[PDB]
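Below you'll find only one chain, the form deposited without the named molecule, shown as structure tokens.
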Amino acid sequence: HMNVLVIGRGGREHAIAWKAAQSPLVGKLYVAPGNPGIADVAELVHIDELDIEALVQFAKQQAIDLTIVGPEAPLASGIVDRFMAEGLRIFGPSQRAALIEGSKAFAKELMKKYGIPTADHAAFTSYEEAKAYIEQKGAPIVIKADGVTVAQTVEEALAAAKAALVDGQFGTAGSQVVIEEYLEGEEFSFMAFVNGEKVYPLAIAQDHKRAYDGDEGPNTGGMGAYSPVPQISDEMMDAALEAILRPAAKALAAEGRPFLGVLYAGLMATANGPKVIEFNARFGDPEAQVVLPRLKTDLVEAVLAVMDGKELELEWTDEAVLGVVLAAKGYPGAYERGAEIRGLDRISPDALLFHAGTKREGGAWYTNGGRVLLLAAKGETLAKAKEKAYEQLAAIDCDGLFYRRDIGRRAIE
């Protein structure tokens, strides 16, 4: 009966649409702009994410009962504010609330004010002030120019700090250097539906940020993920929930920025407890691809419950899920498009193939984005999942693509 619209074009959106299309409450599902893979489970709507004005009209004429925003951009432009001023129900944060992701300085500002555990952070335009500060926090310490160096010693730290200010980009306020506390521990992604002060935790997942095996290379939007994460104890998870997620939700509300949608915490389980690395104001990608398939509860039913302030208890499958990203060579740097992708039809039907940047033409598939696809497999254990996943990937033939082989290695071994 319901008409649902999903905004975005990546694998995270294929995941959301795929899950929504299974809701008995859904009468019809649209995704704008979506992608060729997504069209297999939803009708595509050829409107751009940032084209907020056209999106509003569509929602109105098509009687969209619920809209779910995938990417950060439209949120940052305030797609939620426009929709709400049109009586359109949308799951996502206002522009002011989305600042939790938009500005890292603001996130640090908020966390310090409300005592949310996170790595010490300080910006400087004066070398002397950065020096005095460095000599107070000791090393290893993180120095970030405008690039990132983990100074093993204080001397190295000062040398890198000086160089960051001397050779960094000259902003309108001159050059600047950021000094971040070095943290050690296991990283994890803790997402949760949020509406004002109510928090509804989702299962935990672990991202793989580095482009190459052994977490080598530059950072990416995420090269793979799995859920659950056995090595992160439930104590650590509960700690994160009560000292980070709930207090962050309360903090944003206390600041005239009540949050609605998916609060995504990039955390690190340190010996002293969980600590925030970063905050995202939407579903993580590829975290959505491995977490949603484990959600037994109806996603559309769950979302409406969050919006209607109803109590909710999400159920999860015992099976684990592990997904691997296939990216165009060069990603996250310059990459090419137009490489024919062969074998997608050879893939087992039990494999979860989420499209993130593909194109269809003359009855063929072609790379068309940084991250192109993600193949996830379900398994009784993470080990079984990892095996089924890589097993399927080998069926794909395309030299223009690459992917890490070590996804889930931290869980298994």
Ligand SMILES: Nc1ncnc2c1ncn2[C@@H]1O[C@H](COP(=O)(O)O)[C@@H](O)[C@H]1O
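Residue numbers here begin at 1 and follow the sequence given.
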What does the record say about the segment between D146 and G147: how many deposited residues are without coordinates (none, 1 to 3, 4 to 9, 10 or more)? 4 to 9
On mean Cα temperature factor in this entry, is 280-288 or 123-131 the higher one? 123-131
Between the two ranges 248-256 and 234-242, the one averaging a larger CA B factor in the entry: 248-256
Peak C-alpha temperature factor (PDB record), options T118, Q152, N195, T317: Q152
Please pick out which of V166, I341, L202, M111 has the largest Cα B-factor as recorded in the entry. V166
Where the record places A394 (Cα B-factor, split into thirds across the chain): middle
Where the record places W18 (Cα B-factor, split into thirds across the chain): lowest
Third of the chain, ranked by Cα B-factor, where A334 sits: highest
Could you place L29 in the lowest, middle or highest third of its chain by Cα temperature factor, using the values in the record? middle
Chain-relative CA temperature factor third for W365: highest
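Omitted from view is the form deposited with the named molecule bound, to which the following refers.
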Since the chain is shown here on its own, which stretch among 311-319, 180-188, 238-246, 288-296 would lie within 4.5 Å of the named molecule in the deposited bound form, judged by heavy atoms? 180-188
Taking the named molecule as it sits in the deposited bound form, is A107 in contact with it (heavy atom to heavy atom, 4.5 Å or less)? no
Residue-level question: is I277 within 4.5 Å of the named molecule in the deposited bound form, judged on heavy atoms? yes
How about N219 - does it come within 4.5 Å of the named molecule in the deposited bound form, if we only consider non-hydrogen atoms? yes
Distance check, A119 to the named molecule in the deposited bound form, heavy atom within 4.5 Å: yes
Please state whether every one of the three residues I68, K198 and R257 places a non-hydrogen atom within 4.5 angstroms of the named molecule in the deposited bound form. no
May I ask you to choose, among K250, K144, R96, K137, the residue with a heavy atom within 4.5 Å of the named molecule in the deposited bound form? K144
Selected contact from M268, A203, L88, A73, since only one has a non-hydrogen atom within 4.5 angstroms of the named molecule in the deposited bound form: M268
Just give me the residues of 378-413, first to last, that have a heavy atom within 4.5 Å of the named molecule in the deposited bound form. none
